[PDB]
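Here you get one chain, nothing else, as structure tokens; it is the form deposited in one PDB entry.
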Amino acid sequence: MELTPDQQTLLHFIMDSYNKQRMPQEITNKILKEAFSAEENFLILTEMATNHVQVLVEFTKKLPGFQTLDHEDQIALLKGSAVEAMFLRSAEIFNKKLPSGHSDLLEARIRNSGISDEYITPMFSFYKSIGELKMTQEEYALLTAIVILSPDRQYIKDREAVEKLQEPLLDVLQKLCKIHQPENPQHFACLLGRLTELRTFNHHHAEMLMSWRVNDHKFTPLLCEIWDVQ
């Protein structure tokens, strides 16, 4: 039931590695301070997303055993998880407690950022569904590691090697769910179920960005590799 010493070591190591990201306050303070045009928000998005890719590669490299995987499989895992990890991190920031009325303004500002209405409803439905799970910091860090170490990604040659790296993270998350929320025995299953909803953001990620209400969609060379954009 309780975490073993090795699992406690793994958990604190994943947490330390995950904490190298930008502070949620830095991100939300900028959006809440003043309203920006769709052009200004697109530029904020590309800068934020390019920095997230860099942080994600650094976190991924720290995952136990990731460096021992086949080099082509490493690329496939990174490319297959980058968009999902960016949305899961946006969902985490969206659901951080802010003073009265601030989350309403944050939501209204994102709704009016330049993104098309067809993508707003599935995006907020996911952020709100994530928020109802009342996830802790450790749960977001482990879920992000689980999303990266998905053995079912397209182009993965050695799935078993990936399964072996993912299995101890799933074991730790399941124990945490049983500890954090003993009143809700479905908590682990609902966290894993949300991972299925997260995968839907892959199919339309390129269309979401290209349909942003701006004249020119200029991306960075690193985003062009990770996203399916020119």
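Sequential numbering from 1, following the sequence displayed. Take the two forms, superpose them, and find the largest set of C-alpha atoms that agree within 1.5 Å; that set is the rigid core.
Peer 1: Going by the mean C-alpha B-factor recorded in the entry, which is higher: 87-95 or 109-117?
Peer 2: It is 109-117.
Peer 1: Tell me which stretch, 175-183 or 199-207, has the higher mean Cα B-factor listed in the entry.
Peer 2: Looking at the record's C-alpha B-factors, the answer is 175-183.
Peer 1: Among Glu58, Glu34, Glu40, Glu163, where is the Cα temperature factor highest, going by the PDB entry?
Peer 2: The C-alpha B-factor peaks, among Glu58, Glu34, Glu40, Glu163, at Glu34.
Peer 1: Just grab whichever of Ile156, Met123, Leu78, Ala141 has the top CA B-factor as deposited.
Peer 2: Max CA B-factor in the entry, restricted to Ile156, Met123, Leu78, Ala141: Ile156.
Peer 1: Considering every modelled residue of the chain and its Cα B-factor in the PDB entry, is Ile226 in the lowest, middle or highest third?
Peer 2: Middle third by C-alpha B-factor.
Peer 1: Would you mind checking where the Cα B-factor of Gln137 ranks among the modelled residues of its chain, as the lowest, middle or highest third?
Peer 2: Ranked within chain, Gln137 CA B lands in the lowest tercile.
Peer 1: Which third, lowest, middle or highest, does the C-alpha temperature factor of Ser103 belong to within its own chain?
Peer 2: Highest third.
Peer 1: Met15's Cα B-factor: lowest, middle or highest third of the chain?
Peer 2: Within its chain, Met15 is a middle-third residue by C-alpha B-factor, going by the deposited values.
Peer 1: Using the B-factor values recorded in the entry, state whether the Cα atom of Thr28 falls in the lowest, middle or highest third among the modelled residues of its chain.
Peer 2: Ranked within chain, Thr28 CA B lands in the middle tercile.
Just so you know, the form deposited in another entry exists too; it's not on screen, but the next bit is about it.
Peer 1: Of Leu170, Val57, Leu32, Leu195, which one's CA moves 2 Å or more between the shown form and the other one, core aligned?
Peer 2: Residue with a C-alpha shift of 2 Å or more: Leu32.
Peer 1: Could you check whether the CA atom of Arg111 moves 2 Å or more between the shown form and the other one, using the rigid core for the fit?
Peer 2: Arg111: C-alpha displaced by 2 Å or more between the shown form and the other one.
Peer 1: Spell out whether the Cα of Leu98 moves at least 2 Å between the shown form and the other one when the two forms are superposed on their rigid core.
Peer 2: True for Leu98: a C-alpha shift of 2 Å or more.
Peer 1: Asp16: with the rigid core matched between the shown form and the other one, does its Cα shift 2 Å or more?
Peer 2: Moves: no, less than 2 Å.
Peer 1: How does the CA gap of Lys134 and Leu32 change in that other deposited form versus this form, closer or farther, if it moves 3 angstroms or more?
Peer 2: The answer is farther, because the C-alphas of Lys134 and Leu32 separate from each other in that other deposited form by 3 Å or more.
Peer 1: Just to spell it out: taking the C-alpha atom of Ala91 and the C-alpha atom of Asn29, is that distance smaller or larger in that other deposited form than in the structure shown here, given it changes by 3 Å or more?
Peer 2: Farther, not closer.
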